[PDB]
Each structure stands twice: as structure tokens, then as C-alpha cells.
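First up is the structure itself, then whatever we jot down about it.
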Amino acid sequence: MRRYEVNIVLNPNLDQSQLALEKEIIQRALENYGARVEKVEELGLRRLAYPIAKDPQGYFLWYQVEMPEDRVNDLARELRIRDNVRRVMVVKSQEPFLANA
Amino acid sequence: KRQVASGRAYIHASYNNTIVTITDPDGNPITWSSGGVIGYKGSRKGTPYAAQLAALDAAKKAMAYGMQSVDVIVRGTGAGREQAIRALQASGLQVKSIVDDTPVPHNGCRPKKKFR
Amino acid sequence: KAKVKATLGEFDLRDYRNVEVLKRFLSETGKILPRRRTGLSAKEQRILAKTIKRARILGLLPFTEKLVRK
Amino acid sequence: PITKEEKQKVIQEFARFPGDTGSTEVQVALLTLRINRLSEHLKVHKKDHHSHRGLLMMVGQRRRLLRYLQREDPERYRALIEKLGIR
RNA sequence: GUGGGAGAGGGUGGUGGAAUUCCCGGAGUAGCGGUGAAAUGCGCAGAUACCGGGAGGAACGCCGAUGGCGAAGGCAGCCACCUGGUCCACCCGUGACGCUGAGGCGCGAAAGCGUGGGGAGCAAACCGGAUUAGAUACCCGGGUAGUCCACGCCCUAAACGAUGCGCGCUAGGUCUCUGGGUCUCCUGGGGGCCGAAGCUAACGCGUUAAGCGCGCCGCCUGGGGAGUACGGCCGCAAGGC
Ligand SMILES: [Mg+2]
Ligand SMILES: [Mg+2]
Ligand SMILES: [Mg+2]
Ligand SMILES: [Mg+2]
Ligand SMILES: [Mg+2]
Ligand SMILES: [Mg+2]
Ligand SMILES: [Mg+2]
Ligand SMILES: [Mg+2]
Ligand SMILES: [Mg+2]
Ligand SMILES: [Mg+2]
Ligand SMILES: [Mg+2]
Ligand SMILES: [Mg+2]
Ligand SMILES: [Mg+2]
Ligand SMILES: [Mg+2]
Ligand SMILES: [Mg+2]
Ligand SMILES: [Mg+2]
Ligand SMILES: [Mg+2]
Ligand SMILES: [Mg+2]
Ligand SMILES: [Mg+2]
Ligand SMILES: [Mg+2]
Ligand SMILES: [Mg+2]
Ligand SMILES: [Mg+2]
Ligand SMILES: [Mg+2]
Ligand SMILES: [Mg+2]
Ligand SMILES: [Mg+2]
Ligand SMILES: [Mg+2]
Ligand SMILES: [Mg+2]
Ligand SMILES: [Mg+2]
Ligand SMILES: [Mg+2]
Ligand SMILES: [Mg+2]
Ligand SMILES: [Mg+2]
Ligand SMILES: [Mg+2]
Ligand SMILES: [Mg+2]
Ligand SMILES: [Mg+2]
Ligand SMILES: [Mg+2]
Ligand SMILES: [Mg+2]
Ligand SMILES: [Mg+2]
Ligand SMILES: [Mg+2]
Ligand SMILES: [Mg+2]
Ligand SMILES: [Mg+2]
Ligand SMILES: [Mg+2]
């Protein structure tokens, strides 16, 4: 296992049943890959820089984890099959290099 | 007889020609012009003067629909890339904002031998 | 002429999610700014580079914009 | 890769006395560990030539330490080669 | 060995935006294109310019350097994984385990060959338009192989620092990339410029030696004939040694 930040970006216009549902299946995805959850950040609505899926904005989550490294890929493919998920980034954590330090 | 208020003006300038197209606030055109629209034929189509004449012309034709406020969008290079926006201002169209949009790739396509 | 880090806090050059800071490194057009403007160091700049492009892919930072005046 | 845990476990099982990190024995073992990893890597991925060069480099180093050993203590070498599965 | 690091080093899967082309759609006329001027060419079956959507391949702007990595050929979007080399510090372990290296074996830009895919843009051959005394050429318009991917051959080059590898020695000054330090500076390890001594036919080189030395491999012996002939080996061929 190693430390990875995950980011998910999905369609803004989801209601509560929907939004909470995609969250649930995301959870079930992490579980199903052996992904342990160190913490979560939820910003949600953000006005994007350029449109994504014909959309002026997006909905943003961030999931820090620890998990096996033969998994992390296939993990991300299942995370991305969802129609309503527009981007998936996964990055292994790095300690914060500071400038104007 | 669309009766068009305000709108946008594209200036596509090249080394062989200048062309000006006028449009509504969502992008559908109104009229247009080019250097060869007016009488010019060859190289003469890429003078600055050409660029002028065309700008003006396109403007006259636009004012025909009732155009007033114009937001300008420039693409390309050549003489009268600028003479176009100059006699676009002199026209009587009161120009809202100029913008240069000239598109460039992030590098995908091989160019013509002419080009590298 | 102000450099960038000349005016800025003690800030993470890593973090691809913070836009408010990262934007301050681009021209009007979405272009990453040269050392000559960002006043960075070698490895400083070079980390900034990557952290921006991650931001871009994430759609929090633009790949390009257009030139006004002109 | 090779984590510290696994690597250490090797050195412990290869050492002549506690705390020796540097014997011919320890080096030949460790080498061989990295070697075999590299083999599994190029059993897929045959199109990776640069790593492969690295492996010839390593393989040679092993052979030289071996040839030294066999020159010096023929016994340490017979035994070490034995518990290592070589030749 | 332990700890710390920088990196377009490699292999594999994913993925992002710009742009070209093409298809669909709206709106909108009479041209567009291209040149030194032109013409072919495209355009009323509605082009060009503008807007919206889709499809496909290829390559990665800015960052970017007078930069980095690699033994070399070479290597640039972003992410994950598999992996190579290497630098520093600590002074811990082994105890001469070293250098070079004819054969061998592996790698080896591009073009080229085979089999199977793929094909946006470019584009030998080719088809045209011009220019010219003529044009097989430069310039214009088209365009096939190819370019791209899998696998297997081919083994060349201005494959260049035209500078074989390793080690020790011999003033500095300056710019820089990356470690460590009590961080005007100092101390390793790369990259550049000037320059001591010295070398050099000169040009130049000068702690990144082309100086002072040692070890080992490669190579040379006037020009043409000629990288030809013959012979051999390798190669499907082209052709290579
Ligand atoms: Mg999706
Ligand atoms: Mg013309
Ligand atoms: Mg041509
Ligand atoms: Mg270590
Ligand atoms: Mg790389
Ligand atoms: Mg890589
Ligand atoms: Mg890719
Ligand atoms: Mg149409
Ligand atoms: Mg005509
Ligand atoms: Mg016709
Ligand atoms: Mg016709
Ligand atoms: Mg379009
Ligand atoms: Mg197709
Ligand atoms: Mg540049
Ligand atoms: Mg190097
Ligand atoms: Mg080169
Ligand atoms: Mg490594
Ligand atoms: Mg000692
Ligand atoms: Mg002792
Ligand atoms: Mg080759
Ligand atoms: Mg080739
Ligand atoms: Mg072929
Ligand atoms: Mg063409
Ligand atoms: Mg011809
Ligand atoms: Mg003729
Ligand atoms: Mg040879
Ligand atoms: Mg010599
Ligand atoms: Mg120096
Ligand atoms: Mg320091
Ligand atoms: Mg130095
Ligand atoms: Mg000099
Ligand atoms: Mg002198
Ligand atoms: Mg030296
Ligand atoms: Mg020397
Ligand atoms: Mg000499
Ligand atoms: Mg002779
Ligand atoms: Mg020959
Ligand atoms: Mg003979
Ligand atoms: Mg023969
Ligand atoms: Mg034969
Ligand atoms: Mg030949």
C-alpha cells in the first residue's frame, strides 16, 4: 500500500439521491480494490477553466488513500466507467515542497 | 431584414487576402466581404487598402441590417490585419472590444515544406 | 516590474488543487510564465510546471485564453 | 521494487557475523536478488533494452565476486553457490 | 551497507487540450486559393469566412535554457505501474576482489524489406500549372509508397567533440545544473566561457587537455584506380563486413 490522492469530477446538476448515489458506488469501488481511506475533502461546485462535457462548471471531490499498487490502475478504470464521472485523477501523495519558504 | 442591433466582426487576415465577416451575438453571420469581393484580383487582394475597402464594405452591408455595437475578433497576419481594424473603427461602427484569437496548435500537424 | 514570488505568501509549490495561487503564474493567455517573470529557481520553476499541468487537466486552470486590446 | 524489510532479511540470512554488511557472500546474495527481479521484469517487457544492459552489468559483478571467492576460500564458494542455486 | 537526492534513461497500460482534415447542422454570397506575377485547383449540387455537434490519426505550445538523462543510437503533454543508470553524506562492512579487452554476444537515427493493421497532415515516384533558350529543377496545385502501431529482418551515417577507455599529476577567473556544509563563501559530482605552465604546423587545447605520465585495445603508411574486382561470410532483397 502507498499514499494516493484521488480526485473525482462529476456533473454539477445531480440532485441528492443521485449525488449521494455516485458517492456510494465510488466508496464501493475503493473498498472493492482494497483502498483504505485516510481522509476526504469535498469542494463540490467550482467554475471550471474551460468546459468539460459541455459544462461551464464541475463537482469536485478528493480522496486520500493507501492501497496496493497492482490495483490502483484498474481501480481508476472502474472509477471512470460511470457516465456521470467526467474526470478521474489519481496521484501518489508527495510531501509539500515550499517556496517563498 | 433581420434587424440586428449589436454583434461581432471577424477579421480573417492572410498573406494572400483579407476577409471580414459580421455576425450576431451567438455567431451566425450577417454579411461579409473580402478583397476580391471588391474588384481586386491577384496579389492586389492582399494590400492593406484591400483590407480597408473590405472592412468598410462589410460594415455598410451590416448597417443595412441595422448593426451598431461591434465586438471584434482577429485571426491571422498580413498587411491590413491592422488596416482592417483601423477602417473598421472609422466606419461609424462604434467598436466595443478588439480581441486577437489567432489560433495556434499545441503541435500536431506536419506543415507544408513552405513552412519549416 | 514585480516578480511573482516577490509578492506571495509561504506557499505550496506542490499542490495542484489551489487555483487562487497558481493562476498568478500565467499571462492573460493561459501560458506559464518564464523565470524572467516568476522569479523562481531552476527546480522551483520546474516543479511549478508540473503542478500547473495537473491543475489544467483537472480543469481548474486554462490551457489558453485570448488577447484583449490589440 | 525491493523494500528495506526484504533486503535486510536477505542480509541477515547471508551474513558471516552479526552486522557484516559487506562480505562477498552478502554481495553475491543481494546481487542475485536484484538479478532475478530483473529477469522477471524482462520476461515480460523484452522491448526494454536499457534495463537489460543494467542486468548484464550486474550479472558480471556477481561473476567477479564469485571468481574471487572461488580463488580464495573454495569452501565458502562451494557452500554459497549451493544455498544460492547457481551453475 | 545506511540515509538523502535530481532527471524528456527504458518498458507497459490509461488519459488531456490546442490544431489540421473529414462528416452533420444552422446562418450567410461569390468567391476562395495560391504567386514574383500567374495559372492549374476548388466554388451555384452554395464554397471560402462564422457558429454548434461528431469521427479519426498524428504530434505535444507556454514551461524551455547558453538546461537535464543516457554507453551510444537517442530521449519532451499529464497519470499509474514495472525497471536501468547515477550523485552526495555517514566512515559502518568486505579486504586488491583491479584496468583494458582480439573473438563472441547485445544495442544501434533515418531510409529500406516481410507479414498484419492503420492512415489526419506531410509526402520520393507520379499527374498537372507555371517559369525558362529547354525544366525531367527550384515556385503552385494534386498525389502513391512511406511516414504511425505489432512482430521479424536490415547494421549503415558528417553514428562528430571528425577527439578510444581507466588512473595519477599540473595557477586561476567566470556562468551554470544537482547534493552536502558552521550557506560573504566553502566541499563533492555534471555542464559552458576565458585563461597559468605546457603543447601545437598553424588554428587551437589548456583539472571536461589536444599538457605531464602509465596500462590496454583500434587504426595509419602519397593521389587516382576503389570501398571497385575477386574470394569468403552474412542478408528475403536492397545490400553489409
Ligand atoms: Mg466519462
Ligand atoms: Mg491572392
Ligand atoms: Mg509540392
Ligand atoms: Mg540507498
Ligand atoms: Mg523519461
Ligand atoms: Mg518513463
Ligand atoms: Mg500516449
Ligand atoms: Mg455545411
Ligand atoms: Mg473564376
Ligand atoms: Mg462549378
Ligand atoms: Mg469551374
Ligand atoms: Mg468544428
Ligand atoms: Mg477514418
Ligand atoms: Mg522554446
Ligand atoms: Mg552525461
Ligand atoms: Mg545529436
Ligand atoms: Mg531509479
Ligand atoms: Mg573503513
Ligand atoms: Mg579486518
Ligand atoms: Mg537500425
Ligand atoms: Mg525506419
Ligand atoms: Mg513495411
Ligand atoms: Mg499536400
Ligand atoms: Mg512536372
Ligand atoms: Mg511546360
Ligand atoms: Mg560495424
Ligand atoms: Mg592515445
Ligand atoms: Mg570551470
Ligand atoms: Mg546548498
Ligand atoms: Mg565545475
Ligand atoms: Mg579556451
Ligand atoms: Mg602560453
Ligand atoms: Mg583529469
Ligand atoms: Mg586525462
Ligand atoms: Mg594533437
Ligand atoms: Mg597507390
Ligand atoms: Mg558502399
Ligand atoms: Mg582474391
Ligand atoms: Mg562477393
Ligand atoms: Mg546467399
Ligand atoms: Mg549502397
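Ligands are numbered from 1 in the order shown, residues from 1 within each chain, and chains are lettered A, B, ... in the order they appear in the C-alpha cells.
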Could you list the protein, DNA and RNA residues that have any atom within 8 Å of ligand 39, counting only C-alpha atoms (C1' of nucleotides) and all ligand atoms, and write them as a PDB file with N, CA and C atoms (P, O5', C5', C4', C3', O3' and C1' of nucleotides), in the first residue's frame?
```pdb
ATOM      1  P     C E 230      33.541  -9.737 -59.155  1.00  0.00           P
ATOM      2  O5'   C E 230      34.493 -10.919 -58.678  1.00  0.00           O
ATOM      3  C5'   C E 230      35.507 -11.429 -59.532  1.00  0.00           C
ATOM      4  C4'   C E 230      36.651 -12.047 -58.756  1.00  0.00           C
ATOM      5  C3'   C E 230      36.278 -12.936 -57.575  1.00  0.00           C
ATOM      6  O3'   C E 230      35.869 -14.254 -57.950  1.00  0.00           O
ATOM      7  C1'   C E 230      37.960 -11.431 -56.907  1.00  0.00           C
ATOM      8  P     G E 231      34.518 -14.912 -57.338  1.00  0.00           P
ATOM      9  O5'   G E 231      34.965 -15.399 -55.905  1.00  0.00           O
ATOM     10  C5'   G E 231      35.975 -16.370 -55.783  1.00  0.00           C
ATOM     11  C4'   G E 231      36.584 -16.372 -54.412  1.00  0.00           C
ATOM     12  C3'   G E 231      35.624 -16.505 -53.262  1.00  0.00           C
ATOM     13  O3'   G E 231      35.152 -17.827 -53.100  1.00  0.00           O
ATOM     14  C1'   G E 231      37.266 -14.872 -52.758  1.00  0.00           C
ATOM     15  P     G E 232      33.610 -18.076 -52.741  1.00  0.00           P
ATOM     16  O5'   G E 232      33.581 -17.705 -51.210  1.00  0.00           O
ATOM     17  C5'   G E 232      34.173 -18.591 -50.269  1.00  0.00           C
ATOM     18  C4'   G E 232      34.514 -17.902 -48.978  1.00  0.00           C
ATOM     19  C3'   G E 232      33.332 -17.519 -48.119  1.00  0.00           C
ATOM     20  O3'   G E 232      32.867 -18.591 -47.309  1.00  0.00           O
ATOM     21  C1'   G E 232      34.766 -15.666 -48.356  1.00  0.00           C
TER      22        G E 232
END
```
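Residues in contact with ligand 3 (atom pairs separated by at most 10 Å; only C-alpha atoms (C1' of nucleotides) and all ligand atoms) are residues 112, 113 and 114 of chain B; 123, 139, 140, 141, 142 and 143 of chain E.
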Please list as a list in words every residue within 9 Å of range 52-63 of chain D, counting only C-alpha atoms (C1' of nucleotides) and excluding residues in the same chain fewer than 2 positions away.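 My reading of the contact set: residues 27, 28, 29, 31, 32, 34, 35, 38, 39, 42, 46, 48, 49, 50, 65, 66, 67 and 68 of chain D; 84, 85, 106 and 107 of chain E.
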Hey, which bits of chain C sit within 7 Å of chain E, and for each residue what's the closest pair of atoms and how far apart in Å (one decimal), counting only C-alpha atoms (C1' of nucleotides), rows by chain and increasing number, as a Markdown table?
```
| residue | atom | partner | partner_atom | distance |
| --- | --- | --- | --- | --- |
| C:31 | CA | E:62 | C1' | 4.5 |
| C:32 | CA | E:62 | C1' | 5.3 |
| C:33 | CA | E:63 | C1' | 7.0 |
| C:34 | CA | E:63 | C1' | 6.6 |
| C:49 | CA | E:63 | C1' | 5.7 |
| C:53 | CA | E:78 | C1' | 6.7 |
| C:54 | CA | E:78 | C1' | 6.4 |
| C:57 | CA | E:16 | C1' | 5.6 |
| C:63 | CA | E:17 | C1' | 6.5 |
```
Could you please write out, as a tab-separated table (two decimals) with C-alpha atoms, in the first residue's frame, every residue of chain C that DSSP assigns to helix (DSSP H, G or I)?
```tsv
chain	number	residue	atom	x	y	z
C	19	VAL	CA	-6.11	27.85	-8.09
C	20	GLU	CA	-6.07	31.24	-6.39
C	21	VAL	CA	-2.32	30.90	-6.09
C	22	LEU	CA	-1.49	29.04	-9.25
C	23	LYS	CA	-3.21	31.47	-11.53
C	24	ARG	CA	-0.83	34.20	-10.51
C	25	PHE	CA	1.75	32.41	-12.64
C	35	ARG	CA	11.62	32.60	-14.84
C	36	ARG	CA	12.22	36.09	-16.13
C	37	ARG	CA	8.80	36.89	-14.72
C	38	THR	CA	8.10	34.24	-11.99
C	42	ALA	CA	15.54	26.15	-11.50
C	43	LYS	CA	13.93	23.26	-9.57
C	44	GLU	CA	11.38	25.67	-8.17
C	45	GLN	CA	10.18	26.54	-11.68
C	46	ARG	CA	10.34	23.03	-12.87
C	47	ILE	CA	8.06	21.79	-10.04
C	48	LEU	CA	5.66	24.62	-10.63
C	49	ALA	CA	5.46	23.47	-14.24
C	50	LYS	CA	4.18	20.04	-13.48
C	51	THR	CA	1.85	21.11	-10.69
C	52	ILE	CA	0.16	23.51	-13.14
C	53	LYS	CA	-0.29	20.96	-15.88
C	54	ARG	CA	-2.01	18.70	-13.35
C	55	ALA	CA	-4.25	21.61	-12.49
C	56	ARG	CA	-5.03	22.04	-16.21
C	57	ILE	CA	-6.06	18.50	-16.83
```
When the cut-off is 8 Å and you count only C-alpha atoms (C1' of nucleotides) and all ligand atoms, which residues lie near ligand 15, shown as a ChimeraX atom specification? /E:69-70,190
